[PDB]
Asker: 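This is the structure I have questions about; it appears just below.
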Amino acid sequence: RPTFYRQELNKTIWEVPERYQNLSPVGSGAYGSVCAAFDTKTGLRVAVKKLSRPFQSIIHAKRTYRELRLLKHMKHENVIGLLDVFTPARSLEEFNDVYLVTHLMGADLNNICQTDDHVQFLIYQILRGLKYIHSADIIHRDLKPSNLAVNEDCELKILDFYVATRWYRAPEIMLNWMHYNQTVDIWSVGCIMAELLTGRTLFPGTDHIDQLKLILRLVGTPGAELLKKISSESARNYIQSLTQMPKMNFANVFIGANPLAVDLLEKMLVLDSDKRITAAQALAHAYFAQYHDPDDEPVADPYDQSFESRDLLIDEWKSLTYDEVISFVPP
Ligand SMILES: Cc1cn(-c2cc(NC(=O)c3ccc(C)c(Nc4nccc(-c5cccnc5)n4)c3)cc(C(F)(F)F)c2)cn1
């Protein structure tokens with residue numbers, strides 16, 4: 001049981017074991033604050049996240065539990081993994097804060113390591129990690145370049161932490177569809193891969209409405225029947241007021257690109273989420289022929305999400321979270 005020191009960072013009091021030094025605030029939000037640090041015990045650069053009031057509400061406590069459970073379960077080369085989890089509390093009765101620790105990566109996909117081969121390798125790794133995540137019955141929902149970390153040797157890792165999420169969000173989420181499926185993440189991959197191919201953001205909308213119009217300008221406005229699978233009533237009415245836009249031929253948009261990459265993008269960037277390619281299907285596409293290895297593209301061990309159906313109070317989620325903290329074993 002180590003010694004903690006205190007330091008006021010990100011408008012809050014950080015209490016961390018002395019092994020973590022050189023704390024430097026990275027960013028913050030309503031769901032936590034992140035610092036880069038140096039772990040003197042391993043010699044690693046790490047990221048430390050302090051969850052912001054994790055037990056203020058039932059949903060806060062449940063998602064605190066949800067994140068810790070999820071992260072303790074992820075064992076994949078292309079998904080961020082947990083190096084440590086700690087609390088300064090000495091007992092459940094004073095348990096109020098939770099800290100998570102991962103590797104610090106040298107870069108994200110916005111800031112780059114190294115061609116068509118380099119786009120293939122990066123997108124392959126995203127899809128390899130997504131196949132794993134999706135096999136655990138988890139949807140990322142927030143994929144964007146700043147959530148994709150890359151080390152020196154261009155090994156990529158998916159995480160969840162300017163660069164707007166809206167630029168990469170699936171249209172059915174933008175149109176207020178509540179019942180979307182895992183391929184919302186594939187839409188995001190298509191937008192990311194377009195930007196790696198051309199150098200430019202595919203749909204850099206300045207606002208909610210601008211985003212929809214830029215999307216429809218490329219894929220074409222949907223018919224009424226398609227609208228009812230991807231959109232809520234007020235969004236359907238608005239889309240139906242717009243001039244008809246035809247689908248563009250992606251070959252004239254991604255001029256010069258590998259024709260197999262264009263074919264893959266045509267399968268990713270479709271409005272019909274029942275027609276959109278899955279991560280496992282995309283990994284088998286001929287575009288990735290030089291890296292595709294079904295024996296090295298594993299699924300996840302079964303992930304017990306039955307807690308998602310439990311109706312628990314704040315103190316009950318707090319209690320389960322505490323037990324996940326004190327049972328953690330580092331890799
Ligand atoms: C409520 C909820 C959360 N999630 C979920 C959480 C994470 N967490 C992290 O990635 C995470 C948690 C703690 C830490 C410390 C970090 N590390 C981190 N965070 C922000 C930035 C950086 C960073 C900064 C600079 C360079 N490299 C990394 N690292 C990640 C990851 C996923 C997924 F799907 F992507 F796997 C899902 C699901 N439901």
Side-chain angles (χ1 to χ4, degrees), residues 9-10 14 16 20 22-39 44-55 57-87 97-113 125-152 155-163 165 168 182 184-185 188-189 192 279 300 303 305 307-308 317 321 324-325 328 330:
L9 311 148
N10 271 326
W14 284 58
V16 310
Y20 299 117
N22 311 82
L23 287 167
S24 293
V26 161
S28 106
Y31 297 119
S33 317
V34 187
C35 285
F38 182 69
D39 178 7
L44 300 167
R45 297 275 288 158
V46 300
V48 185
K49 179 158 79 175
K50 182 193 181 179
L51 301 190
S52 42
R53 295 315 322 252
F55 308 122
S57 62
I58 273 184
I59 192 42
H60 271 216
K62 189 177 177 187
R63 298 193 164 151
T64 296
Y65 185 67
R66 173 185 324 176
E67 177 163 12
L68 185 52
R69 277 274 297 201
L70 182 34
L71 290 172
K72 284 180 75 171
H73 189 246
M74 311 265 90
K75 286 85 172 212
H76 195 278
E77 295 95 341
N78 299 127
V79 180
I80 194 76
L82 216 51
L83 276 49
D84 199 13
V85 46
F86 63 83
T87 175
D97 286 326
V98 47
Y99 295 79
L100 307 170
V101 186
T102 72
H103 280 111
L104 190 79
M105 259 71 44
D108 68 17
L109 222 51
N110 279 129
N111 319 123
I112 259 208
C113 151
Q125 295 183 84
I126 303 179
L127 291 167
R128 191 174 174 275
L130 275 183
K131 178 188 179 183
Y132 178 87
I133 286 166
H134 285 178
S135 73
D137 208 346
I138 288 301
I139 303 173
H140 189 294
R141 193 162 189 298
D142 314 306
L143 277 175
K144 57 180 196 262
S146 62
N147 277 334
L148 298 169
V150 180
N151 67 21
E152 318 289 347
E155 154 148 278
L156 175 144
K157 284 190 154 52
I158 296 163
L159 65 134
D160 194 345
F161 189 177
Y162 66 160
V163 180
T165 69
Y168 305 89
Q182 291 174 338
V184 301
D185 288 334
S188 310
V189 173
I192 293 172
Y303 177 56
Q305 290 188 250
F307 72 84
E308 294 285 359
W317 291 117
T321 305
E324 291 286 334
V325 170
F328 174 81

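Atoms considered below: every heavy atom in the structure, side chains included; atoms not considered: hydrogens, waters and symmetry mates. If you read the sequence from its start, that first residue is 1, and numbering goes on from there. Every number for a ligand or one of its atoms is a count from 1 in the order of the listing.
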Asker: Show every side-chain hydrogen bond (donor to acceptor under 3.5 Å, both in side chains) that has at least one partner inside residues 26-39, sequence neighbours left out.
Answerer: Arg19-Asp39, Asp39-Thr42
Asker: Would you compute the distance between atom CD1 of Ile158 and atom CG of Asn147 and round it to the nearest 0.5 angstrom?
Answerer: 9.5 Å
Asker: For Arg45 versus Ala36, what's the shortest heavy-atom pair and its separation?
Answerer: NH2-CB, 4.2 Å
Asker: For each nitrogen or oxygen atom of ligand 1, which protein N/O atoms lie closer than 3.5 Å, and how far apart are they, rounded to 0.1 Å?
Answerer:
from, atom 1, to, atom 2, distance (Å)
ligand 1, 8 (N), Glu67, OE2, 3.0
ligand 1, 10 (O), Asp160, N, 2.9
ligand 1, 17 (N), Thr102, OG1, 2.9
ligand 1, 27 (N), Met105, N, 3.2

Asker: Determine whether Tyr132 and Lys75 make a side-chain contact, defined as any pair of heavy atoms from C-beta on separated by less than 4.5 Å.
Answerer: yes
Asker: Rounded to the nearest 0.5 Å, what separation is found between the CG atom of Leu83 and the CG atom of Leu71?
Answerer: 11.5 Å
Asker: When you measure from the side chain of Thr87 to the backbone N and O of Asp97, does any donor-acceptor pair fall under 3.5 Å?
Answerer: yes
